[PDB]
Number of protein chains: 2
Amino acid sequence: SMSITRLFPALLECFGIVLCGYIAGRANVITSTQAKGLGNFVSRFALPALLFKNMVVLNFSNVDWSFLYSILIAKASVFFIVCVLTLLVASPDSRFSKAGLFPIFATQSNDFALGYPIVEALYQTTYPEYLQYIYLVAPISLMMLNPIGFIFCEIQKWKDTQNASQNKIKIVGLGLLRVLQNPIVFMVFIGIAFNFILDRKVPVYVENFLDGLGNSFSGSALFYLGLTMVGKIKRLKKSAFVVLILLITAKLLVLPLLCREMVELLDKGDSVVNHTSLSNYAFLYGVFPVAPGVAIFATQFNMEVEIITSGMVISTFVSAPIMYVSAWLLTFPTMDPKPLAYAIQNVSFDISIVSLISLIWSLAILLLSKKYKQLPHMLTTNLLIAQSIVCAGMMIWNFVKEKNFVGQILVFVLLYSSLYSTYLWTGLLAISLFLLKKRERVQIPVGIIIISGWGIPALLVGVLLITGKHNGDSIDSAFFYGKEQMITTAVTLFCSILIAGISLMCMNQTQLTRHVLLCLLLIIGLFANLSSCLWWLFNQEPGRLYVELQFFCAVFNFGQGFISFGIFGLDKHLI
Amino acid sequence: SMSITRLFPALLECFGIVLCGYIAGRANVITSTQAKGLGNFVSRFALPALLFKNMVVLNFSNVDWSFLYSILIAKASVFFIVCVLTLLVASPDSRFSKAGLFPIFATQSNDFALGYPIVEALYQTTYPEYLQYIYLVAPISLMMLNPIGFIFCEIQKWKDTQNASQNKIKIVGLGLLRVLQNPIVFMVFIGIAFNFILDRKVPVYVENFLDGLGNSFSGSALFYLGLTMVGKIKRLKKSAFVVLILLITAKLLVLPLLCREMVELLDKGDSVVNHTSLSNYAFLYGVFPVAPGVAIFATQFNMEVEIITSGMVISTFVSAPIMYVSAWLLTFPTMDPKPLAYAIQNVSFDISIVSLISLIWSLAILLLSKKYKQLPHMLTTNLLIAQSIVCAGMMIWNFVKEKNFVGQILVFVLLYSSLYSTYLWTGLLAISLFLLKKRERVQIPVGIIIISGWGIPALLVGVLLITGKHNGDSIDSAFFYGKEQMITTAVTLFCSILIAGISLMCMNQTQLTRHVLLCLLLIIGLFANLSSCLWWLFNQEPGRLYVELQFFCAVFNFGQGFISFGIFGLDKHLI
Ligand SMILES: CCCCCCCC/C=C/CCCCCCCC(=O)O[C@@H](COC(=O)CCCCCCCCCCCCCCC)COP(=O)([O-])OCC[N+](C)(C)C
Ligand SMILES: CCCCCCCC/C=C/CCCCCCCC(=O)O[C@@H](COC(=O)CCCCCCCCCCCCCCC)COP(=O)([O-])OCC[N+](C)(C)C
Ligand SMILES: CCCCCCCC/C=C\CCCCCCCC(=O)O[C@@H](COC(=O)CCCCCCCCCCCCCCC)COP(=O)([O-])OCC[N+](C)(C)C
Ligand SMILES: CCCCCCCC/C=C\CCCCCCCC(=O)O[C@@H](COC(=O)CCCCCCCCCCCCCCC)COP(=O)([O-])OCC[N+](C)(C)C
Ligand SMILES: CC(C)CCC[C@@H](C)[C@H]1CC[C@H]2[C@@H]3CC=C4C[C@@H](O)CC[C@]4(C)[C@H]3CC[C@]12C
Ligand SMILES: CC(C)CCC[C@@H](C)[C@H]1CC[C@H]2[C@@H]3CC=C4C[C@@H](O)CC[C@]4(C)[C@H]3CC[C@]12C
Ligand SMILES: N[C@@H](Cc1c[nH]c2ccccc12)C(=O)O
Ligand SMILES: N[C@@H](Cc1c[nH]c2ccccc12)C(=O)O
Ligand SMILES: *[C@@H]1O[C@H](CO)[C@@H](O)[C@H](O)[C@H]1NC(C)=O
Ligand SMILES: *[C@@H]1O[C@H](CO)[C@@H](O)[C@H](O)[C@H]1NC(C)=O
Ligand SMILES: O=S(=O)(O)Oc1c[nH]c2ccccc12
Ligand SMILES: O=S(=O)(O)Oc1c[nH]c2ccccc12
């Protein structure tokens, strides 16, 4: 099935080059004007030769059409609901532009650039026929859905132009002509025509010419994608943001669920293994981020560049953890016990590397800027240090099972002392934000907060250390002392959530602009972890999904540094 | 040995993409400012990743050091002769700048962009160890010769600054520091260092990241090469051009001869087949055009941009026919009788394809511009149609020998009637140029020239048709009637050369600026062809190299259209 062992390097390449593009772009080496030439080259030269070649070589006989109808119907439904509510809710002066552009935003995946390398890694040696579906699903959806949006936007231009229903032919013709002149449709039509005309075989003189342009697309397209995100997120407003929240939730969440349910509803085959693999591939297909061409369309039309560009950037970022978590969630139910144990260990190992590097970057920038010296930033720096110790502890922990038994205990104490400190530090940060905006005079005794933040977890760790019999055969940090450590974590989370929650609601009734959000996102995370803790303790021994629960704790425990890094580290601060 | 059957497709890709870069640039799609961004990506990101990966995997045990030592000594000698004469002849105010850049121009081949794809096509399945030699010879030559040139140019900056031999350390240090900070030297040193440390194996997480950036270099470097040549050739002056003539002959001609002779002198091996292949591979390596990075160095220093940019552009075009002709001449001596026959037929077939398409473009622009209507331009248009028929005739000829015998004769008459006309049209062009610049009154009776240009070859063709017995088993146009056709060609060439030659020398003693040159290059061609004709007729039956002689006629007969297209076709003319 899924060769998920070789999925992480494919996610380290796709976003490693995007990181290189970002670093190069902000380092000011290749400015925006120079970047336009690399965009024109990639978008007008590399992509048409790749599509033309692949369309020439497709063999129209082994394609399972049920998958094709399920995805096209799902995309149509997603387009329909977004357009309907956009027409129903948007303001009268600006309604047709939104109804014409939002449904394209919520349905146009980034399939070639990111989709092809990941599908190839998982599926090249297992079930070779799945790779070819990428070049079939994308063009038909583009052909059938983009012209409608351009029709609506042209209708908006006509309405603002002080007109009527006159020349109903011409709005349709301009939309069709604008769709046809894009360097994608013409070369897809030519490739399909030459597939039948030339009888499925590329001429010898032109194969290498097509391959030279075709192979240069992936790296340069990723690099220009990274270079195009520099500084585009900008400031915002309430209503905009709430729209963005819904649009990204609609795409990433509701598209894959419809795709899987329909695939499960229409395919009727006698092969259970093929049924399972096709359903999983159908789910994984929809998670792909929004295609960068939508922002190009917005720039050319000049009417929603800020919203669409912010949407594409955030959509790209949120998609990275989702593919990993979903992939390992679908491959969990049907395997052995101990290979599952290795699965949880491997996932925790992989996540700790990225969290540690992001934390190191964010902490170094915080330290160098000398901004660590004031009132609120000091507590955040303390929080990040604790998260760093948690990640380092996990890295030291994984290589330990076959080594000195004495080393087990010190690392256990270190891990849960720092994890508890991270929990309490979130509440202390919230309380300090409560105090900072109000409360004149009576400055915060920071020494007291530091003493409480470190002494309390150590005492709790020592209490857990004394009570409990060590289980030497349990290859997991969660069951060294069994029930007693696990019960303590639930109590610790509840105290932190109440302390952090009470202060935050008081602020609303009574740099801030960002700080508050880091508290808000963390509080959402702690609630999810707490429910996982509650389910296991109350329903006997081992719940219906113990592996799923443990995987959730591992993700929310070792990935917090990435969330912190995203807000704080990638900020401009003069050295 | 050399798989030359698959060398033409490799030359249709390398220069096919370069054509796309040229067309796009003049079409104004990607202007000069935008083009700088595509250079920064290729020169600083894709290229450093390609060298670093390959240097890690090299196995320093199977490398034939005799081949390695021969090229480095050969490159040094070419560098030595150019610098010595530059100091002796250059003007005193500008002498140090030229000596620091000219030897670099004549020794820095385009090995990565153009050399590697061609060597792979010929040598991937035959002798796999030849591919690895590209990555050894290129970095060492760059490291040992370029630092010397930057030393000399810096001395000129010091000299013009009114100084002395003071701070001799800093002049040496300035040259060394500038070479090291270039994104080429630093990544070669790191790759060699990590080869021994990590024991020749790339880490799994980083292999795919390097491959994504590495494979994007080949397609994008060629495309950017075409876009940088747009409009750079410029106008010129006398003393400039004569320098350019010598510099290009030094790189392309005298460098490969030294490389082959030394390889024959130092390699002492018992394998004749390996000895033959190694000697042939050494020749083809030096024919590569001047690397585009030299013009980058000229632009940064701002001192010889006009000469060096013109040199690199002209060097690329001349290299294309040279690689093709040289490759098939080394593989001619050692084969069968009848398999050689296909070689002459195949080469003539391949050259006709490129000449026919180029002629169509050049002729079409002339007709549309309505410039065909005046006195001198009219005769050139007559000349180009005649060259077109010769190329058109060869394609019908190759396919017909196994078909209707009657079709043999009509095509035979057609080919030599037009071929003879092409010879005479060259002389008529020269005489008209003689008359145009002088001779007022008494305008040219163009009707007489049109009658003379076509009626005379037809009468000569008819005489050859009657006299001679057809040889049905001779698969070649040159021996249908044996001796009588061959004798006539020599006489026809002599009359044309004398008529064209006499007028041209009269012009010197007594648009022009370009026209004259097309006559001059053609006259050089007819002399070379005539000597080939003379050798065969006077030294019995079949010379020491009959295949070589016949091959020369085929190149100069069907490739004449290519020479004409370069001057006339690639010209700006308002439609
Ligand atoms: C995870 C381990 C496995 C995968 C590893 C694979 C590799 C992973 C590696 C990935 C790194 C990829 C690097 C690409 C380029 C980065 C730089 C960049 O463009 O910065 C942008 C920053 O943009 C933001 O600020 C976005 C913030 C989004 C946070 C979302 C958190 C939700 C996570 C939970 C999701 C659900 C959890 C799952 C639920 C099931 C643009 O910068 P700018 O425009 O200048 O604006 C910033 C500056 N300003 C803020 C001051 C204005
Ligand atoms: C041959 C068949 C097999 C191989 C096939 C492989 C593929 C073959 C395909 C090749 C096509 C390659 C396309 C690259 C881009 C072309 C466009 C371009 O850059 O134009 C440049 C033009 O440059 C010149 O004008 C140079 C003229 C050189 C002529 C040399 C003739 C010698 C040939 C004999 C050699 C020895 C013979 C052999 C002896 C043994 C730049 O243009 P510009 O800067 O605007 O300047 C022009 C305008 N202006 C003039 C008005 C100012
Ligand atoms: C294998 C694991 C991979 C994990 C990947 C995903 C996790 C990593 C993700 C994120 C962590 C890193 C984020 C950096 C992006 C921000 C850049 C930035 O702000 O620009 C700065 C400049 O730019 C520099 O100074 C460039 C620094 C390059 C070093 C990067 C090291 C980390 C790269 C990864 C290697 C890891 C090790 C891999 C091998 C062991 C600041 O710019 P400014 O203040 O706007 O002004 C510019 C100053 N100037 C104009 C004077 C020039
Ligand atoms: C397989 C054999 C391959 C052989 C390859 C090597 C031999 C062929 C080599 C050379 C022959 C062709 C040389 C053309 C280069 C000059 C272009 C030029 O000057 O630009 C012109 C514009 O540009 C155009 O209008 C673009 C025309 C594109 C069509 C090209 C067809 C030939 C390509 C090959 C396909 C062959 C068929 C292959 C398949 C059977 C003029 O520009 P301007 O006057 O400066 O102003 C611009 C006008 N504007 C600003 C209003 C826009
Ligand atoms: C869970 C799966 C199915 C869907 C993903 C939905 C959630 C996790 C996504 C959708 C919209 C996202 C938000 C969109 C916009 C921003 C603003 C940015 O400056 C910080 C991140 C933040 C606040 C994102 C956090 C994560 C987010 C809430
Ligand atoms: C014969 C092999 C080994 C070496 C190649 C040397 C000859 C063929 C080369 C070297 C220098 C070349 C010339 C250099 C510059 C120009 C100016 C350009 O506007 C037209 C072509 C023209 C006039 C070239 C014609 C071909 C040329 C004479
Ligand atoms: N414009 C702010 C909105 C915001 C930040 N923090 C908040 C807390 C509550 C409500 C809104 C916000 C943003 O996108 O970051
Ligand atoms: N500058 C001219 C020189 C030139 C053209 N034709 C000539 C004939 C003879 C002597 C010099 C020339 C050129 O490069 O094209
Ligand atoms: C999928 O195809 C068939 C069932 O349709 C069956 O051979 C098996 O389940 C799978 N085979 C391959 C080769 O994937
Ligand atoms: C070249 O290598 C040796 C001679 O050095 C001999 O086996 C033969 O000539 C060639 N072999 C191969 C494998 O190329
Ligand atoms: O089908 S698309 O995903 O839109 O392909 C693309 C079109 N334009 C692009 C620019 C950067 C990366 C990918 C691009
Ligand atoms: O080693 S080089 O040949 O100089 O590689 C290169 C460096 N810079 C380049 C720009 C275009 C094409 C090739 C290039």
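This entry, as listed in the PDB, derives from cryo-EM and reports a resolution of 3.4 Å.

**Student:** Where do I start with the packing of helix α15 (residues 338-368) of chain A against helix α22 (residues 560-568) of chain A in this structure?
**Tutor:** Packed helices, taken two at a time, are described by the angle between their axes plus the distance between the axes. All names here are of chain A. Their axes nearest at 8 Å, the elements α15 and α22 cross at an angle of 35°. The two elements α15 and α22 cross, and the hand of that crossing is left-handed. Together, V354, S355, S358, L359, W361, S362 and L366 of α15 and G561, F562, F565 and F568 of α22 make up the contact between the two elements. Of the residues that constitute the contact of α15 with α22, the class distribution is 7 nonpolar, 4 polar and no charged.

**Student:** I would appreciate a short explanation of the relation of the copies chain A and chain B in the present structure.
**Tutor:** Mapping chain A onto chain B calls for a rotation angle of 180° and an axial translation of 0.0 Å; the resulting RMSD is 0.3 Å. Read as a symmetry element, the transformation amounts to a two-fold axis.

**Student:** Looking at this model, I keep getting lost on the interface of chain A and chain B. Mind explaining?
**Tutor:** Accessible area lost during the coming together of the parts is what is often quoted as the interface size. In this assembly, 31 residues from chain A lie in contact with 30 residues from chain B. Of all the secondary-structure elements, those providing two or more residues to the side of chain A that touches chain B are α1 (8-26), α2 (32-57), α9 (204-215) and α10 (217-228) of chain A. Residue contributions to the side of chain A that touches chain B peak at 9 residues, all from α2 of chain A. Residues that form the side of chain A that touches chain B fall into these classes: 16 nonpolar, 11 polar and 4 charged.

**Student:** Please explain the pattern of salt bridges as it appears in this structure.
**Tutor:** As a working rule, side chains carrying opposite charge can pair if their charged atoms are close by. For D211 of chain A, the salt bridge is made with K53 of chain A, and the minimal N-O distance between the two is 3.9 Å. Residue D211 of chain A is found in helix α9, and its partner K53 of chain A is found in helix α2; the two are separated by 158 residues along the sequence.

**Student:** Would you take a moment to explain helix α18 (residues 446-466) of chain A for this structure?
**Tutor:** An α-helical segment advances 3.6 residues per turn. Residues three or four places apart therefore align on the same side. Here α18 of chain A is 21 residues long and its end C-alpha atoms lie 31 Å apart, about the 30 Å a rise of 1.5 Å per residue gives. One or two positions beyond α18 of chain A, positive phi appears at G468 of chain A, with a value near 125°.

**Student:** Sorry if this is basic, but what is going on with the domain arrangement of chain A here?
**Tutor:** Residues and elements named next belong to chain A. Assigned domains of chain A: these are domain 1 (4-327) and domain 2 (338-568). Put simply, the middle of domain 1 and the middle of domain 2, counted by C-alpha atoms, are 38 Å apart. Between domain 1 and domain 2, the contact holds 4 residues from the first and 7 residues from the second. Broken down by class, the residue content of the side of domain 1 that touches domain 2 amounts to 3 nonpolar, no polar and 1 charged.

**Student:** Please explain the packing of aromatic side chains as it appears in this structure.
**Tutor:** Seen from their ring centres, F562 of chain A and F565 of chain A are 5.8 Å apart, and the 20° between their planes marks the pair as stacked. Separated by 3 residues within a single helix, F562 of chain A and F565 of chain A lie in helix α22, roughly one turn from each other. Consider the rings of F412 of chain B and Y416 of chain B, whose centres lie 5.3 Å apart with planes at 25°: the pair is stacked. Of this pair, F412 of chain B and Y416 of chain B both sit in helix α16 (residues 405-437), 4 residues apart, which is roughly one turn of the helix. Chaining the aromatic ring pairs together yields one cluster made of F8, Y324, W328, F332 and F551 of chain A together with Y205 of chain B.

**Student:** Explanation requested: unusual backbone geometry in the structure shown.
**Tutor:** Residues and elements named next belong to chain B. Its identity is not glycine, yet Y127 carries a phi of approximately 55°, on the positive side. Note that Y127 resides in the loop between α5 (111-123) and α6 (134-160). Located in the positive-phi region is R439, a residue other than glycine, with phi close to 65°. Relative to the helices and strands, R439 resides in the loop between α16 and α17 (446-466).

**Student:** What's the story with the packing of α5 of chain B against helix α11 (residues 272-286) of chain B in this structure? I'm lost.
**Tutor:** Residues and elements named next belong to chain B. Two elements in contact, α5 and α11, have axes separated by 12 Å at closest approach and are oriented at 150°. In terms of axis orientation, α5 runs roughly antiparallel to α11. As for the relative orientation of α5 and α11, their crossing is right-handed in sense. For the pair α5 and α11, the contacting residues are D111, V119, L122 and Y123 in the first and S277, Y281, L284 and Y285 in the second. Residue composition of the contact of α5 with α11, grouped by class: 6 nonpolar, 1 polar and 1 charged.

**Student:** Could you clarify how one ought to interpret helix α1 (residues 8-26) of chain B in this entry?
**Tutor:** If you check α1 of chain B, its first and last C-alpha atoms are 27 Å apart, about what 19 residues at 1.5 Å a residue would give, namely 27 Å. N28 of chain B occupies a position one or two residues after α1 of chain B and carries a positive phi of about 80°.

Here is what the cut-offs are and how they apply
- The residue numbers you see begin from 1 on each chain and track the sequence as written, which may not match the entry, and residues missing coordinates are not shown.
- Here every chain gets a letter starting at A, and every ligand a number starting at 1, in the order they are written.
- To obtain the side-chain values, all non-hydrogen atoms of the structure were used and water was disregarded.
- Residues with missing side-chain atoms are left out of burial classes, side-chain pairs and their counts.
- The angle between two axes is taken between their N-to-C directions and runs from 0 to 180 degrees, where each axis is a line fitted to C-alpha atoms and a helix contributes only its stretch in contact.
- Elements are defined by DSSP. Helices are runs of H or I of four residues or more, strands are runs of E of two residues or more, and each kind is numbered from the N terminus.
- The hand of a helix crossing depends on one turn: near helix anticlockwise from the far one by less than a right angle means left-handed, and clockwise means right-handed.
- Any two residues whose heavy atoms approach within 4.5 Å are treated as being in contact.
- Following the grouping adopted for this structure description, the nonpolar residues are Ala, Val, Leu, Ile, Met, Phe, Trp, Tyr, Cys and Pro, the charged ones are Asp, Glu, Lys and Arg, and the polar ones are all others, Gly among them.
- Copies are aligned to one another through a least-squares fit of their C-alpha atoms.
- Take a side-chain nitrogen of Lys or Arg and a carboxyl oxygen of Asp or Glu: if they are within 4 Å of each other, that pair is a salt bridge.
- A helix is expected to span 1.5 Å for every residue after the first.
- Domain boundaries shown here were taken from an automatic or database domain assignment.
- Two rings from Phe, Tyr or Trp (for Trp, the six-membered ring) form a pair when their centres are within 6.5 Å of each other. A pair whose planes differ by under 30 degrees is stacked, one over 60 is edge-to-face, and the rest are tilted.
- Should an angle fall under 35 degrees it is called roughly parallel, over 145 degrees roughly antiparallel, and 65 to 115 degrees roughly perpendicular, with every other angle called oblique.

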